[PDB]
Structure formats: C-alpha cells, structure tokens
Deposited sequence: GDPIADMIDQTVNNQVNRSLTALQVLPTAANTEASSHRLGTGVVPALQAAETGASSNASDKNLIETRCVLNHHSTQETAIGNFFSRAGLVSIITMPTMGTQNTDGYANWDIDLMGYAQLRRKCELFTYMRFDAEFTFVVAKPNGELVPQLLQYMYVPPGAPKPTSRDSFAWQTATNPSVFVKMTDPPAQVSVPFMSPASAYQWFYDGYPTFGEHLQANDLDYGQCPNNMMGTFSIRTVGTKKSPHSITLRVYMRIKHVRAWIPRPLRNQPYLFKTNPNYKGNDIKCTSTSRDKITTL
C-alpha cells in the first residue's frame, strides 16, 4: 500500500397516555424548547400537567396515503356536440393532462413525487342527461402514435392501441392504466428550463413542462361512417391505487388560473386565515 488516503415502527393504534404526578426540581425543563433548531417540540402531556392512564384504541388506517387516494375524482369532461365549433366532426382528441379540475389537483400538489397506478372510469351521458342506444369507441394514443383526422381514418383500425367498445346504455367501463412514466415517479412540479441553448422570451412557454408526465392523447369517436344525431358528453374519473409518495409540499390557498404553470391573481390575493375585528375579542 504505497498510497494511504486511497484506502420504521408499526403503529396500528394511537399512543396511550401514561399516568404522571407533580414534579418539583431544577435542571430538568421539558417545557422550554428551542425552535431555532428546525425541529418540533418533543414535550408530551404527562411531562407538563398531571395525567391518568388512558388506553387509546383509535385506529390510524384512515390517515394512510392509500386510503386518502383510493377515492375517484373528476379529471376531465369531453364535450362532443353536433352543433358548435370545436368537436362537431364526430371525433374529439383530448391530450392527457390531469390538471383541469382543482379538487384532485390539490391532493397531488401535496407531495412532490408520486408513483402510483390509476383506474380510469368513463361515464357517457347526453347534455340534458338522457341516454340513447349509441355505440362509442375509446382509444389511447401514446406519444409517437398517429392522431386521427376523421372518424373514418386509418388510425381507428386500432391494431396495437387499446380500445374499449362501450354503449350509453351500458355501465361505465373500468380499466387499470399502469405506471407509464419513464422516471421513477410522477413529477408534478418541474423547476428549470428543459430546453438547450440560449433561452429567449418567445420560448418561455416551456417552463415547468416535463416530458415524463405527457402520456399523449385520448381520442373518442362515434362508431360509423355517418354522423350521429345525438350529442355525447364524456366524463373521466381516476382512482389512484398502489401509491407511494415523497417530499411533502405546502397546499395551495390561491385559486387556480392555468393548468400549465401555477399562476395566481396579483391584485386580489385572498389570505389563508379568516380575519376578525380585534386580537383580544372573540
């Protein structure tokens, strides 16, 4: 050797409260803590006041991440009417970006990285709520697959694409979409300019856009060559299962404006706490 320098605790129930008596002495001060160390206070209830033996049988299963995310939520509403300007040709291409509704978005913004599987549910209804015997076709378009330009296109042959033939008189179809992200987990917040070279003002749209969360398009159409006389409104519901979370973040107290970047209104900024008249009145 010529060179020398080159050589989890399972808590199914809550914690019980043990009995304690009065204390009189110096040197021990469980009340006085230091908040400048970045740590929470480790003081308990028995070290300050007199407590009794309390057997705590309260369960902590509702506070788990899996039970908090196993409830379905509305993520997208696709309107395919007969009259209008947007999707009157008989087909509708919806890009897969689950940021359009603020009920399930605030749950996903609680954590930074989240690896999970999802369960999609597609409910078909008319704009007035009625139902007609109409045949509907779903299709999943991953990035790299051709997008259809009509209802009789070659992309609706669906050789390798997943497709669900459902009817409006049928129950809603449930599928299980797996973890399709190329990274280890989904990244809800991307910090930095992902492009290369010198960044200009016209290329400022690419901020906060990660390619790992872009799953492509979701295309629907009416099965047939002729146009259907009935308007079709589709609602997508995602159920999160087998969820692992990392790096918790503060929630948002501001109303959402855009789904691309978390912008907020500058003139009207609503406070988190409810205001009152005086600090000494109640």
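Comparing the deposited sequence with the modelled residues, the stretches lacking C-alpha coordinates are 1, 9-22.
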